[PDB]
Protein chains: 2
Amino acid sequence: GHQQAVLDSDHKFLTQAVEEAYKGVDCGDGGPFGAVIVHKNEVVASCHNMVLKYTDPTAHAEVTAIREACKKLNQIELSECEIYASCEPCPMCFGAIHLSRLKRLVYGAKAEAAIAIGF
Amino acid sequence: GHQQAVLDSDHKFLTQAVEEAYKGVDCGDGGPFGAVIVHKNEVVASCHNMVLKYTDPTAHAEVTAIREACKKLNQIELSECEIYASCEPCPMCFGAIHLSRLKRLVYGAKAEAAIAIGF
Ligand SMILES: [Cl-]
Ligand SMILES: [Cl-]
Ligand SMILES: [Zn+2]
Ligand SMILES: [Zn+2]
């Protein structure tokens, strides 16, 4: 991929991913990590880590959002969607993001506040 | 990860992973790839690629087997288990194998027929 500029329009979706992180940790579904998948300013999936709830170590926020978006759209590809993550994805989730063909990734960053990557 | 020797006892488990690859492609669940997870000398998950069946790009053979094993054992870690794959896992599935804390991987190989990696 290649790094991109973060836009004002990304703010609301990154914030919502953090809201998901709060909802998830608060109710015990998993660690405080959230992910939102969007298509043309419309939220397709809004999820958080579900490792504890599902007894599933693959149920990270990003993987969960991809599974939900693909089921909702009835597609195994998301080339017209983008994903927002409350923090940087792990190697497993980067692999899922690539396999899913997501077009763009924005995640919360400590040094830069937020980072955008186009694929 | 460190490379290990492949044992005679690995044969029956690797073969079953390949049998899963055949069953999967035969019925159209997904690509010809299979994975087997073993716990205390018993198969706790015998799976193949389910991308087409589940409409899920994360539903590779290794991910599917990890999900089934964790749910059957009611654990999010598989440190006493080993995984067998019909061929080398992809980056996403390697990430899942690491996250699941599986202790050993054996996969089919072309130049050396099989490879064992200890974690
Ligand atoms: Cl996560
Ligand atoms: Cl696979
Ligand atoms: Zn992850
Ligand atoms: Zn894979």
# chains A, B, ... in the order shown; residues from 1 in each chain; ligands from 1
call {"tool": "interface_residues", "arguments": {"of": "chain A", "to": "chain B", "cutoff": "9 Å", "atoms": "only C-alpha atoms", "output": "list in words"}}
result
residues 51, 52, 54, 55, 56, 57, 58, 59, 63, 66, 67, 68, 70, 71, 74, 75, 76, 77, 90, 91, 92, 93, 94, 95, 96, 99 and 100 of chain A
call {"tool": "write_last_selection", "arguments": {"atoms": "N, CA, C and O atoms", "output": "short mmCIF file (atom, residue, chain, number, x, y, z; two decimals), in the first residue's frame"}}
result
data_model
loop_
_atom_site.label_atom_id
_atom_site.label_comp_id
_atom_site.auth_asym_id
_atom_site.auth_seq_id
_atom_site.Cartn_x
_atom_site.Cartn_y
_atom_site.Cartn_z
N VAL A 51 -13.24 -11.60 21.06
CA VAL A 51 -12.49 -12.81 21.40
C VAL A 51 -13.16 -13.54 22.56
O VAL A 51 -13.35 -14.76 22.52
N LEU A 52 -13.51 -12.81 23.62
CA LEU A 52 -14.11 -13.44 24.79
C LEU A 52 -15.53 -13.90 24.50
O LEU A 52 -15.91 -15.03 24.83
N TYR A 54 -17.03 -14.70 21.70
CA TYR A 54 -17.12 -15.80 20.74
C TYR A 54 -16.16 -16.94 21.06
O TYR A 54 -16.20 -17.97 20.38
N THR A 55 -15.32 -16.80 22.08
CA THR A 55 -14.29 -17.79 22.36
C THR A 55 -13.49 -18.09 21.09
O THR A 55 -13.35 -19.23 20.66
N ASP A 56 -12.97 -17.02 20.49
CA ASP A 56 -12.38 -17.08 19.16
C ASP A 56 -11.20 -16.12 19.08
O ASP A 56 -11.40 -14.90 19.04
N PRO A 57 -9.95 -16.61 19.05
CA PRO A 57 -8.81 -15.68 18.99
C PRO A 57 -8.68 -14.95 17.66
O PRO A 57 -7.90 -13.99 17.59
N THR A 58 -9.40 -15.37 16.62
CA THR A 58 -9.39 -14.66 15.35
C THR A 58 -10.43 -13.55 15.30
O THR A 58 -10.45 -12.79 14.32
N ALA A 59 -11.26 -13.41 16.33
CA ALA A 59 -12.36 -12.45 16.31
C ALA A 59 -11.90 -11.06 16.74
O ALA A 59 -12.51 -10.45 17.61
N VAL A 63 -11.26 -8.26 11.76
CA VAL A 63 -11.78 -9.51 11.21
C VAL A 63 -13.30 -9.58 11.40
O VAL A 63 -14.03 -9.98 10.49
N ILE A 66 -15.04 -7.32 8.90
CA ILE A 66 -14.98 -7.87 7.55
C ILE A 66 -16.01 -8.99 7.39
O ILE A 66 -16.77 -9.02 6.42
N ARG A 67 -16.05 -9.91 8.36
CA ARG A 67 -17.03 -10.99 8.31
C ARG A 67 -18.45 -10.43 8.24
O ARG A 67 -19.28 -10.93 7.48
N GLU A 68 -18.74 -9.40 9.03
CA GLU A 68 -20.09 -8.84 9.05
C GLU A 68 -20.41 -8.13 7.75
O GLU A 68 -21.50 -8.30 7.19
N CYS A 70 -19.09 -8.56 4.74
CA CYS A 70 -19.21 -9.51 3.65
C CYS A 70 -20.53 -10.27 3.71
O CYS A 70 -21.14 -10.56 2.67
N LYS A 71 -20.99 -10.60 4.91
CA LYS A 71 -22.27 -11.28 5.04
C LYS A 71 -23.42 -10.34 4.70
O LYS A 71 -24.39 -10.75 4.05
N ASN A 74 -23.20 -9.81 0.97
CA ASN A 74 -23.15 -11.06 0.21
C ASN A 74 -22.02 -11.04 -0.81
O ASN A 74 -22.18 -11.44 -1.97
N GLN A 75 -20.85 -10.57 -0.38
CA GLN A 75 -19.65 -10.52 -1.20
C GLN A 75 -18.47 -10.98 -0.37
O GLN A 75 -18.43 -10.78 0.84
N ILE A 76 -17.48 -11.59 -1.04
CA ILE A 76 -16.21 -11.91 -0.41
C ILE A 76 -15.16 -10.85 -0.69
O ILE A 76 -14.01 -10.99 -0.23
N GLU A 77 -15.51 -9.80 -1.42
CA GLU A 77 -14.61 -8.68 -1.69
C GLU A 77 -15.28 -7.39 -1.25
O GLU A 77 -16.51 -7.25 -1.32
N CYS A 90 -3.10 -5.78 13.64
CA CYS A 90 -2.05 -6.76 13.83
C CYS A 90 -1.78 -7.48 12.51
O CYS A 90 -2.50 -7.28 11.52
N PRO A 91 -0.74 -8.32 12.45
CA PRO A 91 -0.44 -9.00 11.18
C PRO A 91 -1.60 -9.82 10.64
O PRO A 91 -1.86 -9.79 9.43
N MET A 92 -2.31 -10.57 11.49
CA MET A 92 -3.46 -11.33 11.02
C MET A 92 -4.48 -10.41 10.35
O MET A 92 -5.02 -10.74 9.28
N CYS A 93 -4.76 -9.26 10.96
CA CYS A 93 -5.80 -8.38 10.45
C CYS A 93 -5.36 -7.62 9.21
O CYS A 93 -6.19 -7.34 8.34
N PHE A 94 -4.07 -7.28 9.10
CA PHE A 94 -3.57 -6.75 7.84
C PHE A 94 -3.75 -7.77 6.71
O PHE A 94 -4.10 -7.40 5.59
N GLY A 95 -3.50 -9.05 7.01
CA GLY A 95 -3.73 -10.08 6.01
C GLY A 95 -5.18 -10.17 5.59
O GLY A 95 -5.49 -10.29 4.41
N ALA A 96 -6.10 -10.11 6.56
CA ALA A 96 -7.52 -10.14 6.24
C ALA A 96 -7.94 -8.91 5.45
O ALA A 96 -8.75 -9.00 4.52
N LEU A 99 -6.70 -9.57 1.89
CA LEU A 99 -7.49 -10.61 1.24
C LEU A 99 -8.89 -10.11 0.91
O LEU A 99 -9.46 -10.48 -0.13
N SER A 100 -9.46 -9.26 1.77
CA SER A 100 -10.80 -8.72 1.53
C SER A 100 -10.82 -7.64 0.46
O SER A 100 -11.91 -7.22 0.05
#
call {"tool": "residues_near_ligand", "arguments": {"ligand": "ligand 1", "cutoff": "9 Å", "atoms": "only C-alpha atoms and all ligand atoms", "output": "MDAnalysis selection string"}}
result
chainID A and resid 21 30:35 48:51 58:64 85:87 89:90 93
call {"tool": "write_last_selection", "arguments": {"atoms": "C-alpha atoms", "output": "compact mmCIF listing (two decimals), in the first residue's frame"}}
result
# COMPACT_ATOMS: atom_id res chain seq x y z
CA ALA A 21 -13.82 -0.16 21.45
CA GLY A 30 -13.10 -8.45 24.36
CA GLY A 31 -10.21 -6.03 24.46
CA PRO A 32 -10.87 -2.27 23.77
CA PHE A 33 -10.48 -2.28 19.99
CA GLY A 34 -13.05 -1.29 17.40
CA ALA A 35 -13.45 -1.25 13.64
CA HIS A 48 -15.31 -4.47 18.21
CA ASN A 49 -13.10 -7.28 19.49
CA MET A 50 -15.20 -10.38 20.25
CA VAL A 51 -12.49 -12.81 21.40
CA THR A 58 -9.39 -14.66 15.35
CA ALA A 59 -12.36 -12.45 16.31
CA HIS A 60 -10.42 -9.19 16.35
CA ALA A 61 -12.26 -5.96 15.58
CA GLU A 62 -11.13 -5.82 11.94
CA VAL A 63 -11.78 -9.51 11.21
CA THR A 64 -15.22 -9.23 12.84
CA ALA A 85 -9.62 0.93 13.21
CA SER A 86 -9.12 2.35 16.69
CA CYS A 87 -5.42 1.45 16.43
CA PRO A 89 -4.09 -3.71 12.91
CA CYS A 90 -2.05 -6.76 13.83
CA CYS A 93 -5.80 -8.38 10.45
call {"tool": "atom_distance", "arguments": {"atom1": "CA of residue 7 (chain A)", "atom2": "CA of residue 22 (chain A)"}}
result
23.4 Å
call {"tool": "select_by_dssp", "arguments": {"residues": "chain A", "states": "strand (DSSP E)", "output": "number ranges by chain"}}
result
A: 2-4, 34-39, 42-48, 82-85, 104-109, 113-118
call {"tool": "residues_around", "arguments": {"residues": "residue 82 (chain A)", "least_positions_apart": "5", "cutoff": "9 Å", "atoms": "only C-alpha atoms", "output": "ChimeraX atom specification"}}
result
/A:36-40,102-106
call {"tool": "write_last_selection", "arguments": {"atoms": "N, CA, C and O atoms", "output": "short mmCIF file (atom, residue, chain, number, x, y, z; two decimals), in the first residue's frame"}}
result
data_model
loop_
_atom_site.label_atom_id
_atom_site.label_comp_id
_atom_site.auth_asym_id
_atom_site.auth_seq_id
_atom_site.Cartn_x
_atom_site.Cartn_y
_atom_site.Cartn_z
N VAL A 36 -14.73 -0.01 11.99
CA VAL A 36 -15.90 0.41 11.24
C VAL A 36 -15.58 0.31 9.76
O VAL A 36 -14.54 0.80 9.31
N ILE A 37 -16.46 -0.34 9.00
CA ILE A 37 -16.34 -0.45 7.55
C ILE A 37 -17.40 0.45 6.92
O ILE A 37 -18.57 0.42 7.33
N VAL A 38 -16.99 1.24 5.94
CA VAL A 38 -17.82 2.28 5.36
C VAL A 38 -17.83 2.15 3.85
O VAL A 38 -16.85 1.74 3.23
N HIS A 39 -18.97 2.51 3.25
CA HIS A 39 -19.10 2.63 1.80
C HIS A 39 -19.82 3.93 1.49
O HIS A 39 -20.99 4.10 1.86
N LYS A 40 -19.13 4.84 0.81
CA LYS A 40 -19.70 6.11 0.38
C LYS A 40 -20.45 6.79 1.52
O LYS A 40 -21.63 7.12 1.42
N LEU A 102 -10.15 -4.52 0.67
CA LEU A 102 -10.56 -3.20 1.12
C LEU A 102 -9.68 -2.13 0.49
O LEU A 102 -8.47 -2.32 0.32
N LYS A 103 -10.30 -1.01 0.12
CA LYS A 103 -9.62 0.02 -0.66
C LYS A 103 -8.73 0.92 0.19
O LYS A 103 -7.70 1.41 -0.30
N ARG A 104 -9.09 1.15 1.45
CA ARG A 104 -8.42 2.16 2.25
C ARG A 104 -8.54 1.80 3.72
O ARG A 104 -9.54 1.23 4.16
N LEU A 105 -7.50 2.15 4.48
CA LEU A 105 -7.44 1.88 5.91
C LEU A 105 -7.04 3.15 6.63
O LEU A 105 -6.06 3.81 6.26
N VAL A 106 -7.81 3.51 7.66
CA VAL A 106 -7.48 4.60 8.56
C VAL A 106 -7.49 4.05 9.98
O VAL A 106 -8.48 3.44 10.40
#
call {"tool": "closest_residue", "arguments": {"among": "A:29, A:16, A:118, A:108", "to": "residue 2 (chain A)", "atoms": "only C-alpha atoms"}}
result
A:118
call {"tool": "closest_residue", "arguments": {"among": "B:15, B:117, B:23, B:107", "to": "residue 88 (chain B)", "atoms": "only C-alpha atoms"}}
result
B:107
call {"tool": "select_by_dssp", "arguments": {"residues": "chain A", "states": "alpha helix (DSSP H)", "output": "MDAnalysis selection string"}}
result
chainID A and resid 11:27 51:54 61:73 91:99
call {"tool": "write_last_selection", "arguments": {"atoms": "N, CA and C atoms", "output": "CSV table (one decimal), in the first residue's frame"}}
result
chain,number,residue,atom,x,y,z
A,11,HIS,N,-12.8,11.8,10.4
A,11,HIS,CA,-12.9,11.9,11.8
A,11,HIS,C,-14.0,11.2,12.4
A,12,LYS,N,-15.2,11.3,11.9
A,12,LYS,CA,-16.4,10.8,12.5
A,12,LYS,C,-16.3,9.2,12.5
A,13,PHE,N,-15.7,8.6,11.5
A,13,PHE,CA,-15.7,7.2,11.5
A,13,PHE,C,-14.6,6.6,12.4
A,14,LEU,N,-13.4,7.3,12.4
A,14,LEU,CA,-12.4,6.8,13.4
A,14,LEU,C,-13.0,7.0,14.8
A,15,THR,N,-13.6,8.1,15.1
A,15,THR,CA,-14.2,8.2,16.4
A,15,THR,C,-15.2,7.1,16.7
A,16,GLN,N,-16.1,6.7,15.8
A,16,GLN,CA,-17.0,5.7,16.0
A,16,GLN,C,-16.3,4.3,16.2
A,17,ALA,N,-15.2,4.1,15.6
A,17,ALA,CA,-14.4,2.9,15.9
A,17,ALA,C,-13.9,2.9,17.3
A,18,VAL,N,-13.6,4.0,17.9
A,18,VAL,CA,-13.2,4.1,19.3
A,18,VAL,C,-14.4,3.9,20.2
A,19,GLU,N,-15.6,4.4,19.8
A,19,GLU,CA,-16.8,4.2,20.5
A,19,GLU,C,-17.1,2.7,20.6
A,20,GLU,N,-16.9,2.0,19.5
A,20,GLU,CA,-17.0,0.5,19.5
A,20,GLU,C,-16.0,-0.1,20.5
A,21,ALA,N,-14.8,0.4,20.5
A,21,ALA,CA,-13.8,-0.2,21.5
A,21,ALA,C,-14.3,0.0,22.9
A,22,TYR,N,-14.9,1.1,23.2
A,22,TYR,CA,-15.5,1.3,24.5
A,22,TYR,C,-16.6,0.4,24.8
A,23,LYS,N,-17.6,0.3,23.9
A,23,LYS,CA,-18.7,-0.6,24.1
A,23,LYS,C,-18.2,-2.1,24.3
A,24,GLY,N,-17.2,-2.5,23.6
A,24,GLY,CA,-16.7,-3.9,23.7
A,24,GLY,C,-16.1,-4.2,25.0
A,25,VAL,N,-15.2,-3.3,25.4
A,25,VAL,CA,-14.5,-3.6,26.7
A,25,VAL,C,-15.5,-3.4,27.9
A,26,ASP,N,-16.4,-2.5,27.8
A,26,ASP,CA,-17.3,-2.2,28.9
A,26,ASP,C,-18.2,-3.4,29.2
A,27,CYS,N,-18.7,-4.1,28.1
A,27,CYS,CA,-19.6,-5.3,28.3
A,27,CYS,C,-18.9,-6.6,28.3
A,51,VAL,N,-13.2,-11.6,21.1
A,51,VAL,CA,-12.5,-12.8,21.4
A,51,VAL,C,-13.2,-13.5,22.6
A,52,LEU,N,-13.5,-12.8,23.6
A,52,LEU,CA,-14.1,-13.4,24.8
A,52,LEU,C,-15.5,-13.9,24.5
A,53,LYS,N,-16.3,-13.0,23.9
A,53,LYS,CA,-17.7,-13.4,23.6
A,53,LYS,C,-17.9,-14.6,22.7
A,54,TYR,N,-17.0,-14.7,21.7
A,54,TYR,CA,-17.1,-15.8,20.7
A,54,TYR,C,-16.2,-16.9,21.1
A,61,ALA,N,-11.3,-7.0,16.1
A,61,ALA,CA,-12.3,-6.0,15.6
A,61,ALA,C,-12.3,-6.0,14.1
A,62,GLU,N,-11.2,-5.9,13.4
A,62,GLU,CA,-11.1,-5.8,11.9
A,62,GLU,C,-11.7,-7.1,11.3
A,63,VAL,N,-11.3,-8.3,11.8
A,63,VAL,CA,-11.8,-9.5,11.2
A,63,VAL,C,-13.3,-9.6,11.4
A,64,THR,N,-13.8,-9.2,12.6
A,64,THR,CA,-15.2,-9.2,12.8
A,64,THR,C,-16.0,-8.3,11.9
A,65,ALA,N,-15.4,-7.1,11.7
A,65,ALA,CA,-16.1,-6.2,10.8
A,65,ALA,C,-16.1,-6.7,9.3
A,66,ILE,N,-15.0,-7.3,8.9
A,66,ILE,CA,-15.0,-7.9,7.6
A,66,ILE,C,-16.0,-9.0,7.4
A,67,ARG,N,-16.0,-9.9,8.4
A,67,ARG,CA,-17.0,-11.0,8.3
A,67,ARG,C,-18.4,-10.4,8.2
A,68,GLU,N,-18.7,-9.4,9.0
A,68,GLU,CA,-20.1,-8.8,9.1
A,68,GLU,C,-20.4,-8.1,7.7
A,69,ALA,N,-19.5,-7.3,7.2
A,69,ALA,CA,-19.7,-6.6,6.0
A,69,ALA,C,-19.9,-7.5,4.8
A,70,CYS,N,-19.1,-8.6,4.7
A,70,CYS,CA,-19.2,-9.5,3.6
A,70,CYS,C,-20.5,-10.3,3.7
A,71,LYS,N,-21.0,-10.6,4.9
A,71,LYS,CA,-22.3,-11.3,5.0
A,71,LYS,C,-23.4,-10.3,4.7
A,72,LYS,N,-23.3,-9.1,5.1
A,72,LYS,CA,-24.4,-8.1,4.8
A,72,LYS,C,-24.5,-7.8,3.4
A,73,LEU,N,-23.4,-7.7,2.7
A,73,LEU,CA,-23.3,-7.4,1.3
A,73,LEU,C,-23.4,-8.6,0.4
A,91,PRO,N,-0.7,-8.3,12.4
A,91,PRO,CA,-0.4,-9.0,11.2
A,91,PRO,C,-1.6,-9.8,10.6
A,92,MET,N,-2.3,-10.6,11.5
A,92,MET,CA,-3.5,-11.3,11.0
A,92,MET,C,-4.5,-10.4,10.3
A,93,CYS,N,-4.8,-9.3,11.0
A,93,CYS,CA,-5.8,-8.4,10.5
A,93,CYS,C,-5.4,-7.6,9.2
A,94,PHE,N,-4.1,-7.3,9.1
A,94,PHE,CA,-3.6,-6.8,7.8
A,94,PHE,C,-3.7,-7.8,6.7
A,95,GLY,N,-3.5,-9.0,7.0
A,95,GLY,CA,-3.7,-10.1,6.0
A,95,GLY,C,-5.2,-10.2,5.6
A,96,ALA,N,-6.1,-10.1,6.6
A,96,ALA,CA,-7.5,-10.1,6.2
A,96,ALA,C,-7.9,-8.9,5.4
A,97,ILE,N,-7.4,-7.7,5.8
A,97,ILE,CA,-7.7,-6.5,5.1
A,97,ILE,C,-7.3,-6.6,3.6
A,98,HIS,N,-6.1,-7.2,3.4
A,98,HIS,CA,-5.6,-7.4,2.0
A,98,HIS,C,-6.5,-8.4,1.3
A,99,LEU,N,-6.7,-9.6,1.9
A,99,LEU,CA,-7.5,-10.6,1.2
A,99,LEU,C,-8.9,-10.1,0.9
call {"tool": "closest_residue", "arguments": {"among": "A:46, A:9, A:41, A:3", "to": "residue 81 (chain A)", "atoms": "only C-alpha atoms"}}
result
A:41
call {"tool": "decode", "arguments": {"residues": "region 35-56 of chain B", "atoms": "C-alpha atoms", "output": "mmCIF file, in the first residue's frame"}}
result
data_model
loop_
_atom_site.group_PDB
_atom_site.id
_atom_site.type_symbol
_atom_site.label_atom_id
_atom_site.label_comp_id
_atom_site.auth_asym_id
_atom_site.auth_seq_id
_atom_site.Cartn_x
_atom_site.Cartn_y
_atom_site.Cartn_z
ATOM 1 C CA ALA B 35 -6.096 -27.931 8.205
ATOM 2 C CA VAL B 36 -6.122 -30.300 11.184
ATOM 3 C CA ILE B 37 -5.567 -29.421 14.854
ATOM 4 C CA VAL B 38 -4.486 -32.171 17.262
ATOM 5 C CA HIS B 39 -4.876 -32.167 21.052
ATOM 6 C CA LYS B 40 -3.438 -35.004 23.155
ATOM 7 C CA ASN B 41 -3.219 -37.239 20.073
ATOM 8 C CA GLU B 42 -6.848 -36.611 19.043
ATOM 9 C CA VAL B 43 -8.115 -34.438 16.195
ATOM 10 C CA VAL B 44 -10.147 -31.587 17.697
ATOM 11 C CA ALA B 45 -10.665 -29.759 14.383
ATOM 12 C CA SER B 46 -10.642 -31.086 10.810
ATOM 13 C CA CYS B 47 -11.484 -28.269 8.402
ATOM 14 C CA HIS B 48 -10.917 -26.858 4.928
ATOM 15 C CA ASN B 49 -11.294 -23.520 3.162
ATOM 16 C CA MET B 50 -14.843 -22.168 3.571
ATOM 17 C CA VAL B 51 -14.589 -18.810 1.764
ATOM 18 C CA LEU B 52 -17.312 -19.711 -0.741
ATOM 19 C CA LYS B 53 -19.554 -21.627 1.666
ATOM 20 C CA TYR B 54 -19.490 -18.910 4.345
ATOM 21 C CA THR B 55 -19.018 -15.875 2.071
ATOM 22 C CA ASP B 56 -16.065 -15.021 4.300
#
